[PDB]
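Engineer: So here's work.tsv, just TSV, C-alpha atoms:
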chain	number	residue	atom	x	y	z
L	48	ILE	CA	1.75	-25.14	-7.01
L	49	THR	CA	0.35	-22.05	-8.82
L	50	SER	CA	1.99	-18.75	-7.82
L	51	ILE	CA	0.77	-15.34	-9.07
L	52	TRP	CA	2.59	-12.01	-8.66
L	53	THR	CA	1.80	-8.32	-9.03
L	54	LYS	CA	2.16	-6.80	-12.49
L	55	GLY	CA	5.66	-5.39	-12.91
L	56	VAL	CA	7.16	-7.36	-9.98
L	57	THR	CA	9.98	-9.86	-10.52
L	58	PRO	CA	9.66	-12.69	-7.92
L	59	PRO	CA	12.58	-12.92	-5.41
L	60	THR	CA	14.21	-16.38	-5.19
L	61	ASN	CA	16.78	-15.87	-2.39
L	62	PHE	CA	14.51	-17.20	0.38
L	63	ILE	CA	16.29	-18.05	3.65
L	64	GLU	CA	14.97	-18.96	7.11
L	65	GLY	CA	15.12	-15.93	9.43
L	66	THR	CA	14.12	-15.09	13.01
L	67	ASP	CA	10.66	-14.15	11.70
L	68	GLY	CA	10.49	-16.92	9.07
L	69	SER	CA	11.16	-17.45	5.36
L	70	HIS	CA	12.33	-14.14	3.83
L	71	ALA	CA	14.28	-13.01	0.75
L	72	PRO	CA	16.30	-9.76	1.27
L	73	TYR	CA	15.23	-6.59	-0.55
L	74	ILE	CA	16.94	-5.71	-3.86
L	75	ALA	CA	15.98	-2.50	-5.67
L	76	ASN	CA	14.64	-2.26	-9.25
L	77	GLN	CA	12.73	-5.55	-8.99
L	78	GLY	CA	9.24	-4.03	-9.03
L	79	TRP	CA	8.47	-4.40	-5.31
L	80	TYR	CA	9.19	-1.94	-2.48
L	81	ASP	CA	9.89	-2.26	1.23
L	82	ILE	CA	9.37	1.02	3.02
L	83	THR	CA	10.51	0.44	6.61
L	84	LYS	CA	10.05	2.45	9.82
L	85	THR	CA	12.85	4.17	11.75
L	86	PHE	CA	10.59	4.15	14.85
L	87	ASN	CA	11.61	7.75	15.50
L	88	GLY	CA	8.25	8.24	17.29
L	89	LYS	CA	6.59	9.91	14.28
L	90	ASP	CA	6.05	6.75	12.19
L	91	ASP	CA	5.55	4.08	14.84
L	92	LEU	CA	1.86	3.62	13.86
L	93	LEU	CA	1.97	4.43	10.12
L	94	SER	CA	2.12	0.89	8.70
L	95	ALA	CA	-0.80	1.84	6.44
L	96	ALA	CA	1.07	4.91	5.12
L	97	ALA	CA	4.18	2.78	4.45
L	98	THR	CA	1.97	0.19	2.77
L	99	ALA	CA	0.37	2.99	0.74
L	100	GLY	CA	3.81	4.39	-0.07
L	101	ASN	CA	4.89	1.00	-1.42
L	102	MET	CA	1.90	0.82	-3.77
L	103	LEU	CA	2.51	4.43	-4.84
L	104	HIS	CA	6.14	3.55	-5.71
L	105	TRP	CA	4.69	0.73	-7.80
L	106	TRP	CA	2.22	3.22	-9.29
L	107	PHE	CA	5.14	5.49	-10.23
L	108	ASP	CA	6.61	2.55	-12.15
L	109	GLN	CA	3.46	1.64	-14.04
L	110	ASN	CA	2.93	5.29	-15.13
L	111	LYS	CA	6.51	6.61	-15.43
L	112	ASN	CA	6.30	8.32	-18.84
L	113	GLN	CA	2.74	9.43	-18.19
L	114	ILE	CA	3.89	11.01	-14.93
L	115	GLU	CA	6.92	12.89	-16.23
L	116	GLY	CA	4.80	14.24	-19.08
L	117	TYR	CA	2.14	15.47	-16.63
L	118	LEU	CA	4.73	17.20	-14.43
L	119	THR	CA	6.42	19.18	-17.20
L	120	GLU	CA	2.97	20.47	-18.21
L	121	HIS	CA	1.89	20.90	-14.57
L	122	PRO	CA	5.01	22.22	-12.74
L	123	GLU	CA	2.77	23.78	-10.08
L	124	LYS	CA	1.68	20.26	-9.09
L	125	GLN	CA	5.30	19.09	-8.77
L	126	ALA	CA	5.62	20.43	-5.21
L	127	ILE	CA	3.35	20.47	-2.13
L	128	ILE	CA	3.60	24.03	-0.78
L	129	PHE	CA	1.22	25.61	1.76
L	130	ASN	CA	1.57	27.94	4.76
L	131	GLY	CA	4.84	29.17	3.22
L	132	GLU	CA	6.49	25.73	3.62
L	133	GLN	CA	7.78	23.50	0.82
L	134	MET	CA	6.48	20.24	2.25
L	135	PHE	CA	7.15	17.83	-0.62
L	136	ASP	CA	8.67	17.50	-4.07
L	137	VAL	CA	7.22	14.61	-6.11
L	138	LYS	CA	10.36	14.39	-8.27
L	139	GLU	CA	12.37	13.69	-5.08
L	140	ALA	CA	10.13	10.75	-4.19
L	141	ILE	CA	10.60	9.15	-7.60
L	142	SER	CA	14.37	9.68	-7.35
L	143	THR	CA	14.34	7.88	-3.97
L	144	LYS	CA	11.51	5.35	-4.37
L	145	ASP	CA	14.01	2.47	-4.20
L	146	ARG	CA	15.31	3.49	-0.74
L	147	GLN	CA	13.73	1.71	2.25
L	148	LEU	CA	14.39	3.86	5.32
L	149	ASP	CA	15.00	7.30	3.77
L	150	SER	CA	12.47	7.26	0.90
L	151	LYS	CA	11.47	10.89	0.35
L	152	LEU	CA	7.78	9.87	0.08
L	153	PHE	CA	7.62	8.05	3.42
L	154	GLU	CA	9.63	10.97	4.86
L	155	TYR	CA	6.77	13.26	3.74
L	156	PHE	CA	4.12	10.99	5.27
L	157	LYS	CA	5.70	10.68	8.72
L	158	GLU	CA	7.19	14.19	9.03
L	159	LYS	CA	4.58	16.39	7.35
L	160	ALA	CA	1.39	14.52	6.39
L	161	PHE	CA	0.67	12.50	9.55
L	162	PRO	CA	3.42	13.51	12.03
L	163	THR	CA	1.23	13.73	15.15
L	164	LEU	CA	-0.84	10.64	14.33
L	165	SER	CA	1.27	8.07	16.17
L	166	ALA	CA	1.44	10.14	19.39
L	167	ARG	CA	-2.38	10.38	19.19
L	168	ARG	CA	-2.57	6.58	18.76
L	169	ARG	CA	-4.35	6.99	15.40
L	170	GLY	CA	-3.70	5.42	12.01
L	171	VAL	CA	-4.90	5.76	8.43
L	172	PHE	CA	-6.28	3.47	5.74
L	173	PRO	CA	-4.07	2.73	2.69
L	174	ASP	CA	-6.85	3.58	0.23
L	175	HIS	CA	-7.53	6.87	2.03
L	176	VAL	CA	-3.84	7.73	1.72
L	177	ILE	CA	-3.61	6.92	-2.01
L	178	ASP	CA	-6.92	8.70	-2.63
L	179	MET	CA	-5.44	11.75	-0.90
L	180	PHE	CA	-2.05	11.74	-2.67
L	181	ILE	CA	-3.34	11.11	-6.20
L	182	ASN	CA	-6.87	12.50	-6.41
L	183	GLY	CA	-6.52	15.01	-3.56
L	184	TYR	CA	-9.47	13.58	-1.57
L	185	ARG	CA	-9.56	14.99	1.98
L	186	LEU	CA	-8.55	12.19	4.39
L	187	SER	CA	-10.53	11.67	7.61
L	188	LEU	CA	-9.05	9.83	10.56
L	189	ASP	CA	-12.56	8.77	11.60
L	190	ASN	CA	-13.67	7.42	8.20
L	191	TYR	CA	-14.33	3.65	8.32
L	192	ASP	CA	-15.79	3.48	4.78
L	193	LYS	CA	-14.35	4.04	1.30
L	194	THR	CA	-13.40	7.58	0.29
L	195	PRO	CA	-16.67	9.49	-0.48
L	196	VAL	CA	-16.72	9.95	-4.26
L	197	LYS	CA	-17.93	13.56	-4.53
L	198	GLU	CA	-16.57	16.82	-5.95
L	199	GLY	CA	-14.78	18.41	-3.01
L	200	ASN	CA	-11.90	20.61	-1.88
L	201	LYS	CA	-8.39	19.42	-2.65
L	202	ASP	CA	-6.52	18.06	0.36
L	203	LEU	CA	-3.49	20.35	0.72
L	204	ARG	CA	-1.39	17.28	1.54
L	205	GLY	CA	-2.13	15.67	-1.84
L	206	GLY	CA	-3.78	15.91	-5.27
L	207	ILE	CA	-0.52	15.82	-7.24
L	208	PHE	CA	-2.18	14.08	-10.20
L	209	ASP	CA	-5.66	15.48	-9.58
L	210	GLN	CA	-5.71	17.42	-12.86
L	211	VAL	CA	-6.25	13.98	-14.43
L	212	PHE	CA	-7.58	11.85	-11.56
L	213	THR	CA	-10.37	14.18	-10.44
L	214	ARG	CA	-12.78	14.08	-7.50
L	215	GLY	CA	-16.44	13.09	-7.85
L	216	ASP	CA	-15.80	10.67	-10.73
L	217	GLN	CA	-15.92	6.95	-9.93
L	218	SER	CA	-13.88	6.35	-13.12
L	219	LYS	CA	-10.95	8.31	-11.63
L	220	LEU	CA	-10.82	6.61	-8.22
L	221	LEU	CA	-7.94	4.11	-8.40
L	222	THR	CA	-8.41	2.27	-5.10
L	223	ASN	CA	-10.77	-0.36	-3.71
L	224	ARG	CA	-11.25	-2.09	-0.35
L	225	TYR	CA	-12.85	-5.32	0.87
L	226	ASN	CA	-13.66	-6.47	4.42
L	227	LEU	CA	-12.01	-9.91	4.71
L	228	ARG	CA	-13.46	-10.64	8.15
L	229	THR	CA	-16.85	-11.68	6.71
L	230	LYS	CA	-15.35	-14.15	4.19
L	231	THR	CA	-13.98	-17.72	4.35
L	232	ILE	CA	-10.74	-19.05	2.85
L	233	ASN	CA	-12.35	-19.83	-0.54
L	234	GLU	CA	-13.82	-16.38	-1.22
L	235	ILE	CA	-10.75	-14.51	0.05
L	236	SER	CA	-8.50	-16.73	-2.11
L	237	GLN	CA	-10.37	-16.14	-5.36
L	238	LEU	CA	-10.73	-12.44	-4.47
L	239	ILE	CA	-6.95	-12.00	-4.14
L	240	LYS	CA	-6.38	-14.00	-7.35
L	241	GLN	CA	-8.70	-11.89	-9.53
L	242	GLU	CA	-7.32	-8.54	-8.32
L	243	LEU	CA	-3.76	-9.80	-8.76
L	244	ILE	CA	-4.30	-11.13	-12.32
L	245	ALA	CA	-6.03	-7.79	-13.05
L	246	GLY	CA	-2.59	-6.18	-12.58
L	247	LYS	CA	-3.50	-4.44	-9.31
L	248	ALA	CA	-1.24	-3.79	-6.33
L	249	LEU	CA	-2.52	-5.42	-3.12
L	250	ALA	CA	-2.40	-4.40	0.54
L	251	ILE	CA	-3.72	-6.66	3.32
L	252	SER	CA	-4.53	-5.78	6.95
L	253	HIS	CA	-4.66	-8.03	10.03
L	254	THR	CA	-4.88	-7.90	13.82
L	255	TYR	CA	-1.66	-6.76	15.47
L	256	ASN	CA	-0.57	-6.32	19.08
L	257	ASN	CA	-2.15	-2.83	19.24
L	258	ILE	CA	-5.83	-2.87	20.26
L	259	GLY	CA	-6.91	0.35	18.46
L	260	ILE	CA	-5.11	0.05	15.10
L	261	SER	CA	-4.80	-2.83	12.62
L	262	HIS	CA	-1.55	-3.68	10.89
L	263	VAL	CA	-1.23	-3.31	7.11
L	264	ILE	CA	1.30	-4.95	4.80
L	265	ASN	CA	1.94	-5.20	1.06
L	266	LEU	CA	0.74	-8.34	-0.71
L	267	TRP	CA	3.01	-8.82	-3.73
L	268	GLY	CA	2.51	-12.53	-4.45
L	269	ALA	CA	0.25	-15.48	-3.60
L	270	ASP	CA	0.46	-19.31	-3.78
L	271	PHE	CA	-2.68	-21.36	-4.53
L	272	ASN	CA	-3.19	-25.12	-4.24
L	273	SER	CA	-5.17	-27.75	-6.19
L	274	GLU	CA	-8.47	-26.34	-4.87
L	275	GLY	CA	-7.70	-22.72	-5.84
L	276	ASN	CA	-7.38	-21.72	-2.17
L	277	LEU	CA	-4.61	-19.51	-0.72
L	278	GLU	CA	-1.69	-21.58	0.53
L	279	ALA	CA	0.72	-18.69	1.23
L	280	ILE	CA	1.31	-14.97	0.48
L	281	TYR	CA	4.48	-12.93	-0.06
L	282	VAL	CA	4.59	-9.58	1.73
L	283	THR	CA	6.79	-6.69	2.82
L	284	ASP	CA	6.34	-5.28	6.34
L	285	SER	CA	7.05	-1.77	7.58
L	286	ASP	CA	7.61	-3.05	11.13
L	287	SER	CA	10.20	-5.59	9.96
L	288	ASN	CA	13.72	-4.13	9.65
L	289	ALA	CA	15.20	-3.54	6.20
L	290	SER	CA	17.40	-6.67	6.21
L	291	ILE	CA	14.28	-8.88	6.05
L	292	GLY	CA	12.61	-7.86	2.77
L	293	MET	CA	10.01	-10.21	1.26
L	294	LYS	CA	8.38	-12.45	3.87
L	295	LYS	CA	6.50	-15.71	3.29
L	296	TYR	CA	3.26	-15.92	5.26
L	297	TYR	CA	1.13	-19.04	5.54
L	298	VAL	CA	-2.63	-18.53	5.13
L	299	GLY	CA	-5.19	-20.81	6.82
L	300	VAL	CA	-8.34	-21.07	8.95
L	301	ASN	CA	-7.46	-20.93	12.65
L	302	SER	CA	-9.04	-22.57	15.71
L	303	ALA	CA	-11.41	-19.59	15.96
L	304	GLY	CA	-12.43	-20.25	12.32
L	305	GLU	CA	-11.15	-16.88	11.11
L	306	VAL	CA	-8.80	-16.78	8.10
L	307	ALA	CA	-5.38	-15.69	9.38
L	308	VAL	CA	-1.70	-15.31	8.42
L	309	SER	CA	1.63	-15.84	10.17
L	310	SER	CA	5.34	-16.46	9.63
L	311	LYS	CA	4.64	-20.05	10.70
L	312	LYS	CA	1.97	-22.60	9.81
L	313	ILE	CA	-1.50	-22.14	11.31
L	314	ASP	CA	-2.13	-24.89	13.91
L	315	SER	CA	-3.70	-25.14	17.38
L	316	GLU	CA	-0.56	-23.72	19.04
L	317	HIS	CA	-0.46	-21.05	16.30
L	318	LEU	CA	-3.70	-19.05	16.06
L	319	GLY	CA	-2.18	-16.67	13.45
L	320	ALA	CA	-3.12	-13.03	12.80
L	321	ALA	CA	-6.71	-12.78	11.52
L	322	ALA	CA	-7.00	-10.99	8.15
L	323	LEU	CA	-9.21	-7.89	8.44
L	324	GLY	CA	-9.19	-6.00	5.13
L	325	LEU	CA	-7.81	-6.02	1.57
L	326	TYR	CA	-6.92	-2.84	-0.32
L	327	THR	CA	-6.21	-2.70	-4.05
L	328	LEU	CA	-4.60	-0.16	-6.37
L	329	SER	CA	-5.07	-0.19	-10.13
L	330	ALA	CA	-2.28	1.37	-12.20
L	331	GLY	CA	-4.89	3.46	-14.04
L	332	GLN	CA	-2.79	3.34	-17.24
L	333	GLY	CA	-6.00	3.31	-19.31
L	334	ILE	CA	-7.34	6.36	-17.46
L	335	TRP	CA	-4.87	8.73	-19.13
L	336	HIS	CA	-6.51	7.74	-22.42
L	337	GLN	CA	-10.21	7.97	-21.46
L	338	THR	CA	-11.34	11.61	-21.27
L	339	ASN	CA	-13.78	13.34	-23.65
Now, as a test, write the supplied structure out as structure tokens.
Structural biologist:
Amino acid sequence: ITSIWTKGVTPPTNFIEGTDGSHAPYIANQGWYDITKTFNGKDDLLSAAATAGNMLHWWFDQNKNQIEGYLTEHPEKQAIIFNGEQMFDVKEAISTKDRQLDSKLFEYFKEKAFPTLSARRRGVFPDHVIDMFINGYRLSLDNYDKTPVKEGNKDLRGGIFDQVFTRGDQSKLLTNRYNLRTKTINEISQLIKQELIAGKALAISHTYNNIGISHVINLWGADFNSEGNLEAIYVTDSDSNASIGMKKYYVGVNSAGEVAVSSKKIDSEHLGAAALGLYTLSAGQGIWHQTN
């Protein structure tokens, strides 16, 4: 009965029943993004990096003018260039943020940043990715905690906007994570609601079919009932093909008593996918104006 959506995101309305479930096809310039995998081998396990990408594309919206100003003053930072390669151009990503399959940012992530990750059966965490790209924090594949906030070497695969968003300053770290596995429906519900009303972009993780790596999706919207508990969430999915777009997931407490999500209602025949983690991204619009 009450629905809340991410700052800068116009709610889709074109919801139809699909093979997965209720989905509204993607349309560009609506605030939300749907980076999707080509399953070319290099990106088969990068759902977190696609999720991260989505939130970055949203970040590029919320800070457009701020960004283009920064880049004309910091042209050096415009490209990612080491080893004698030109690995990435940030201006290309912004030009192509609206594209789903061929988005020049996701192209960077799968082809240059984490190419060998899927063959190694390893993934990343969305926050780690964003913290690498923006602040230039070195990403570890074996880090199961938040990014260590300390002054450190720039990750060569990131730090585009690290002349503003520095390392070793809590004020400059834009991301946040919460373990959902230790919480019940009530606490998770309110937790999503606060972060969403606080104009943050949301990414949720859950158990997939792979035993090593969790799946991660973008949480754009959320429906809450009388009680203030999550009734349903609206998400994009890297693994879902481009024709799907915004999916409606039901949220409930399963037989096992874990909070879970699925394309269909949670029942006894439908255990759902248990929610593992929540990752948030602030737009950091105020950050550009707090340095002295």
Engineer: Could you tell me, as a JSON list (two decimals) with C-alpha atoms, in the coordinates of the input, which residues have any atom at most 7 Å from (6.4, 20.2, 7.3), counting only C-alpha atoms?
Structural biologist:
[["chain", "number", "residue", "atom", "x", "y", "z"],
["L", 132, "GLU", "CA", 6.49, 25.73, 3.62],
["L", 134, "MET", "CA", 6.48, 20.24, 2.25],
["L", 158, "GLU", "CA", 7.19, 14.19, 9.03],
["L", 159, "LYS", "CA", 4.58, 16.39, 7.35]]
Engineer: To one decimal in Å, tell me the separation between CA of residue 257 (chain L) and CA of residue 165 (chain L).
Structural biologist: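 Between these atoms lies a distance of 11.8 Å.
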Engineer: What is the CA of residue 276 (chain L) to CA of residue 238 (chain L) distance in Å?
Structural biologist: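 Distance reported for this atom pair: 10.1 Å.
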Engineer: Nearest residue to residue 181 (chain L) out of L:58, L:206, L:116, L:275, using only C-alpha atoms?
Structural biologist: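 Of L:58, L:206, L:116, L:275, the one nearest residue 181 (chain L), counting only C-alpha atoms, is L:206.
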Engineer: Tell me, in Å to one decimal, how far CA of residue 306 (chain L) is from CA of residue 321 (chain L).
Structural biologist: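 CA of residue 306 (chain L) sits 5.7 Å away from CA of residue 321 (chain L).
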Engineer: What are the nearest atom pairs, with distances in Å to one decimal, for all residues of region 230-321 of chain L that come at most 10 Å from region 68-87 of chain L, using all atoms listed in the file, set out by chain and rising residue number as CSV?
Structural biologist:
residue,atom,partner,partner_atom,distance
L:248,CA,L:79,CA,9.8
L:264,CA,L:81,CA,9.7
L:265,CA,L:81,CA,8.5
L:266,CA,L:79,CA,9.8
L:267,CA,L:79,CA,7.2
L:281,CA,L:70,CA,8.8
L:282,CA,L:81,CA,9.1
L:283,CA,L:81,CA,5.6
L:284,CA,L:81,CA,6.9
L:285,CA,L:83,CA,4.2
L:286,CA,L:84,CA,6.2
L:287,CA,L:83,CA,6.9
L:288,CA,L:83,CA,6.4
L:289,CA,L:83,CA,6.2
L:290,CA,L:72,CA,5.9
L:291,CA,L:72,CA,5.3
L:292,CA,L:72,CA,4.4
L:293,CA,L:71,CA,5.1
L:294,CA,L:70,CA,4.3
L:295,CA,L:69,CA,5.4
L:296,CA,L:69,CA,8.0
L:309,CA,L:68,CA,9.0
L:310,CA,L:68,CA,5.2
L:311,CA,L:68,CA,6.8
Engineer: Save out the residues we just selected, C-alpha atoms, as a PDB file, in the frame of the given file.
Structural biologist:
ATOM      1  CA  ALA L 248      -1.240  -3.790  -6.330  1.00  0.00           C
ATOM      2  CA  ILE L 264       1.300  -4.950   4.800  1.00  0.00           C
ATOM      3  CA  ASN L 265       1.940  -5.200   1.060  1.00  0.00           C
ATOM      4  CA  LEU L 266       0.740  -8.340  -0.710  1.00  0.00           C
ATOM      5  CA  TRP L 267       3.010  -8.820  -3.730  1.00  0.00           C
ATOM      6  CA  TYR L 281       4.480 -12.930  -0.060  1.00  0.00           C
ATOM      7  CA  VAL L 282       4.590  -9.580   1.730  1.00  0.00           C
ATOM      8  CA  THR L 283       6.790  -6.690   2.820  1.00  0.00           C
ATOM      9  CA  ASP L 284       6.340  -5.280   6.340  1.00  0.00           C
ATOM     10  CA  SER L 285       7.050  -1.770   7.580  1.00  0.00           C
ATOM     11  CA  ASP L 286       7.610  -3.050  11.130  1.00  0.00           C
ATOM     12  CA  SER L 287      10.200  -5.590   9.960  1.00  0.00           C
ATOM     13  CA  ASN L 288      13.720  -4.130   9.650  1.00  0.00           C
ATOM     14  CA  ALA L 289      15.200  -3.540   6.200  1.00  0.00           C
ATOM     15  CA  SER L 290      17.400  -6.670   6.210  1.00  0.00           C
ATOM     16  CA  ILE L 291      14.280  -8.880   6.050  1.00  0.00           C
ATOM     17  CA  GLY L 292      12.610  -7.860   2.770  1.00  0.00           C
ATOM     18  CA  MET L 293      10.010 -10.210   1.260  1.00  0.00           C
ATOM     19  CA  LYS L 294       8.380 -12.450   3.870  1.00  0.00           C
ATOM     20  CA  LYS L 295       6.500 -15.710   3.290  1.00  0.00           C
ATOM     21  CA  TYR L 296       3.260 -15.920   5.260  1.00  0.00           C
ATOM     22  CA  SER L 309       1.630 -15.840  10.170  1.00  0.00           C
ATOM     23  CA  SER L 310       5.340 -16.460   9.630  1.00  0.00           C
ATOM     24  CA  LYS L 311       4.640 -20.050  10.700  1.00  0.00           C
TER      25      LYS L 311
END
Engineer: Pick out the residues sitting within 10 Å of residue 269 (chain L), and hand them over as a list in words; count only C-alpha atoms, and ignore anything fewer than 3 positions along from it in its own chain.
Structural biologist: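 Selected residues are residues 49, 50, 51, 52, 53, 236, 239, 240, 243, 266, 276, 277, 278, 279, 280, 281, 282, 295, 296, 297 and 298 of chain L.
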Engineer: My list of candidates is L:100, L:108, L:175, L:119. Which is closest to residue 147 (chain L) when distances are computed with all atoms listed in the file?
Structural biologist: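 Once distances to residue 147 (chain L) are computed over all atoms listed in the file, the minimum belongs to L:100.
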Engineer: Name the closest residue to residue 170 (chain L) among the candidates L:138, L:193, L:247, L:262; distances are taken between atoms, counting all atoms listed in the file.
Structural biologist: L:262
Engineer: Can you list, as a ChimeraX atom specification, every protein, DNA or RNA residue that comes within 7 Å of residue 208 (chain L) when you count all atoms listed in the file, leaving out same-chain residues fewer than 3 positions away?
Structural biologist: /L:181-182,211-212
Engineer: Quick one: of L:307, L:128, L:97, L:244, who's nearest to residue 55 (chain L), counting only C-alpha atoms?
Structural biologist: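 Between L:307, L:128, L:97, L:244, the residue approaching residue 55 (chain L) most closely is L:244.
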Engineer: Leaving out residue 142 (chain L) and any residue of its chain fewer than 6 positions from it, which residues lie within 12 Å of it when counting only C-alpha atoms, given as a count of residues only?
Structural biologist: 9
Engineer: Fewer than 2 positions away in the same chain doesn't count, so skip those; otherwise give me all residues within 9 Å of residue 195 (chain L), counting all atoms listed in the file, as a list in words.
Structural biologist: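 Near residue 195 (chain L), the qualifying residues are residues 184, 192, 193, 197 and 215 of chain L.
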Engineer: If you count all atoms listed in the file, which residues fall within 8 Å of residue 322 (chain L), apart from same-chain ones fewer than 5 positions away, as a ChimeraX atom specification?
Structural biologist: /L:227-228,251-254,305-308
Engineer: Taking (-11.6, 5.7, -17.0) in the file's coordinates, which residues come within 10 Å, counting all atoms listed in the file, written as an NGL selection string?
Structural biologist: :L and (212 or 216-221 or 331-338)
Engineer: For the selection you just gave me, I'd like the residues written to a file as a PDB file, keeping the file's coordinate frame, keeping C-alpha atoms.
Structural biologist:
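Final output, result-v9.pdb:
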ATOM      1  CA  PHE L 212      -7.580  11.850 -11.560  1.00  0.00           C
ATOM      2  CA  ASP L 216     -15.800  10.670 -10.730  1.00  0.00           C
ATOM      3  CA  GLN L 217     -15.920   6.950  -9.930  1.00  0.00           C
ATOM      4  CA  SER L 218     -13.880   6.350 -13.120  1.00  0.00           C
ATOM      5  CA  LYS L 219     -10.950   8.310 -11.630  1.00  0.00           C
ATOM      6  CA  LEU L 220     -10.820   6.610  -8.220  1.00  0.00           C
ATOM      7  CA  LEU L 221      -7.940   4.110  -8.400  1.00  0.00           C
ATOM      8  CA  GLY L 331      -4.890   3.460 -14.040  1.00  0.00           C
ATOM      9  CA  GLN L 332      -2.790   3.340 -17.240  1.00  0.00           C
ATOM     10  CA  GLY L 333      -6.000   3.310 -19.310  1.00  0.00           C
ATOM     11  CA  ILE L 334      -7.340   6.360 -17.460  1.00  0.00           C
ATOM     12  CA  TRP L 335      -4.870   8.730 -19.130  1.00  0.00           C
ATOM     13  CA  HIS L 336      -6.510   7.740 -22.420  1.00  0.00           C
ATOM     14  CA  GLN L 337     -10.210   7.970 -21.460  1.00  0.00           C
ATOM     15  CA  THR L 338     -11.340  11.610 -21.270  1.00  0.00           C
TER      16      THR L 338
END
Engineer: Restricting the calculation to only C-alpha atoms, which member of L:198, L:115, L:145, L:234 is positioned closest to residue 274 (chain L)?
Structural biologist: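 For residue 274 (chain L), the nearest of the candidates is L:234.
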Engineer: Hey, which of L:200, L:315, L:329, L:133 ends up closest to residue 110 (chain L)? Count all atoms listed in the file.
Structural biologist: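 Checking each candidate against residue 110 (chain L), we get L:329 as the closest.
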Engineer: Centre and edge lengths of an axis-aligned box around all listed atoms of region 179-185 of chain L, with 8 Å added on each side, are to be given in Å to one decimal, as JSON.
Structural biologist:
{"center_x": -5.8, "center_y": 13.1, "center_z": -2.2, "size_x": 23.5, "size_y": 19.9, "size_z": 24.4}
